[PDB]
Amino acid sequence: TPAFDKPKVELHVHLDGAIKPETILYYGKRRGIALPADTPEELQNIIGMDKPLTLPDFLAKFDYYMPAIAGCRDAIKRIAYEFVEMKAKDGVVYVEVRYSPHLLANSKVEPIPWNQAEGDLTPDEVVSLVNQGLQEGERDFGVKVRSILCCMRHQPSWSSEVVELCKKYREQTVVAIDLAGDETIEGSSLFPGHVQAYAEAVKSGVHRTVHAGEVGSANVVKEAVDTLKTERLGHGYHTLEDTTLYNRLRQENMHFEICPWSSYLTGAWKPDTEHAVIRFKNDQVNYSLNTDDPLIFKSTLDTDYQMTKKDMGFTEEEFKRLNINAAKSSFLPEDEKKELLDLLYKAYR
């Protein structure tokens, strides 16, 4: 089978989109959750998509399974730990993982998410656990792992606590900020809570990535770059609809976090169309290949790779190239990027 049986780097995957179904059951059946069903095959098949959906229809999934994990300490710990594992079975050697800690919390968080009750798990505490899990999972599985904390676009009130967590826990495991969920709310890239957050990030040396351009216009991408000063774009596919912006982003070596399979499944790409990634490759962009949410997309990294291999003509040399871009564009300190990259090169020859 495997499309590209070599070392990979991955930079765009959500923790809470990367949970074993079996451990969602464990925790609902534990805590008393109630769930679309009670067998893992079923379970995947319902939080699995295989069809674009409305945003409603898509967020309701997070509504079922998140309350099995959010608020539980052994759960936060365990999903982080199990994820590292998943990724080693993918052949990843370095991953950045992102998530929102407020969306695992059930205390000093307002509004409390997921219809949860309060409870004694705070946002800060969540990231302690997660990274505990990533670390020991690093130790045992052999993947080198960092984490990215996510502001949410509809909730600029969390954004500076997001920033501060990143500073508080930086270089183990947290290496950067993200901005996530729902691009389409008007002006949200320019919400003062987000833009003071990303400026604080610049001020404190934390790395920036932003969602922009999976579902929003090229205007949102230009917001990510010019106002929030991102160093990388999550997805970025709509930047193609504005060509000076595409021209300038290709020329400041801007990194795109591509997610092929994520984008058919979501509708972000219409499948009658040049997939963004083939153009991106034709133009020699800086990009990665990425999973986004394997639970939801019924995926693995090899899924992504199979797609671009079988239907987009890609090729092991690009595969090698793009993973080398991922390593160059990682949020590691340079002494360790270079260590990442020298591993990759050796492996690639």
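Start at 1 and count along the sequence shown; that's the residue number. Basically, rigid core = biggest C-alpha set you can superpose within 1.5 Å across the two forms.
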Higher-deviation segment by CA RMS in 7 other deposited structures of this protein, core fitted, 288-296 or 48-56: 48-56
Stretch with the greater mean C-alpha B-factor as recorded in the entry, comparing 141-149 against 83-91: 83-91
Please work out which of 232-240 and 265-273 has the higher mean CA B-factor as recorded in the PDB entry. 265-273
One of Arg321, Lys61, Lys29, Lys281 has the largest Cα B-factor in the entry, namely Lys29
Tell me which of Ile46, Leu301, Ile69, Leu55 tops the list for C-alpha B factor in the record. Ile46
Looking at the temperature factor on the CA atom of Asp74, which third of the chain's modelled residues does it land in? highest
On the chain's distribution of Cα B-factors, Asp16 falls within the third called middle
For the chain shown, is the CA B-factor of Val285 in the lowest, middle or highest third of its modelled residues? middle
Against its chain's modelled residues, does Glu186's Cα B factor rank lowest, middle or highest third? highest
Among modelled residues of the same chain, the CA temperature factor third for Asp335: middle
